[PDB]
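Next comes just one chain, in structure tokens: the form deposited in one PDB entry.
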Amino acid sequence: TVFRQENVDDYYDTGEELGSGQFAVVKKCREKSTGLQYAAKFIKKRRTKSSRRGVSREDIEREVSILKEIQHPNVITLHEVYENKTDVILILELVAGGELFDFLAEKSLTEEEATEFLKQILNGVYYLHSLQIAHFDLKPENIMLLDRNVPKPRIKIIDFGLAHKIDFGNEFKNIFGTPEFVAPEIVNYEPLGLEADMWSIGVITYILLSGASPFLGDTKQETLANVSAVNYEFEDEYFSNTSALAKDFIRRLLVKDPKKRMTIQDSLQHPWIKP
């Protein structure tokens, strides 16, 4: 599938950089014809078939195809796609209030603050899972606020670089996500489905409530070994005023067997969340 091959600089001006990775960089931009503002994600293309640098065209096309299907308040909306010899450029909805991760470092949250964020994450994932889309990369870096200066900030899941459609219940591909947040089946290179996102939500909830990461070791191999063994606990020093029901919600998500883990529907009906 081919994208717009006019020079993106003829239609947009770029500004502040928003984010930066191994093969992508995201810049604030403004569309010249409308004045409207977006985030331009420049993804570096692979320059040969066998190369390890850049992103394969198959991977780029998959991310674009997923972004084209989604429209929901808690997920980013794709506006346009351009390409040239070196990059694919996704013109994405601008979400300018910063990371949940950085806003977190400003203060642990109360349970109400945490559940106000978490309910929006769950609504966005419920939409994705309803469409059989696994995100495969849920972590604080990928959740950003629309305005960080209100008591109840609104959030969006802002990247879809590892997302896959799960039309057979599972996909058998390796997901090199972030060790602290990946489920045991990712660590163990097993078939993956929507359940892996529910584990990541469990990790995110533990961090929202405590400020501490449940499986983090001193090296990436220790973190991965801890994930696979489900080696975590609720430290009293961090959880002593956290309700038992909040702990129960986490415990039912940080479950090794994906079949026994809460689903997104289960998570919305759990007594900690259900109104």
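Start at 1 and count along the sequence shown; that's the residue number. Just so we're on the same page, rigid core means the largest C-alpha set that superposes within 1.5 Å between forms.
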Q: Using the PDB record, quantify the missing residues of the deposited sequence between residue 85 and residue 86 as none, 1 to 3, 4 to 9, or 10 or more.
A: none
Q: For the higher mean C-alpha B factor in the entry, choose 94 to 102 or 68 to 76.
A: 94 to 102
Q.
When the Cα temperature factors in the entry are averaged, is it 148 to 156 or 123 to 131 that ends up higher?
A. 148 to 156
Q. Taking the Cα B-factors listed in the entry, which of 41, 220, 49, 247 comes out highest?
A. 49
Q.
By the CA temperature factor listed in this entry, which of these ranks top: 195, 185, 141, 171?
A. 141
Q. What third of the chain, by the recorded C-alpha B-factor, contains residue 89?
A. middle
**Q.** Position of residue 178 among the chain's modelled residues by C-alpha B-factor, lowest, middle or highest third
**A.** middle
Q. Should residue 257 be placed in the lowest, middle or highest third of its chain by the C-alpha B factor in the entry?
A. middle
Q: Quick one: classify residue 37 as lowest, middle or highest third of the chain based on its Cα B-factor.
A: middle
(Q) Quick check on the deposited entry: does the C-alpha B-factor of residue 210 sit in the lowest, middle or highest third of its chain? (A) middle
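Unshown form deposited in another entry; subsequent notes refer to it.
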Q. When you overlay the rigid core, is the Cα of residue 262 off by 2 Å or more between this form and the one not shown?
A. no
Q) Quick one: once the rigid core is lined up, does residue 150 have its C-alpha move by 2 Å or more between this form and the one not shown? A) yes
Q. Aligning on the rigid core, do we see the C-alpha of residue 171 shift 2 angstroms or more between this form and the one not shown?
A. yes
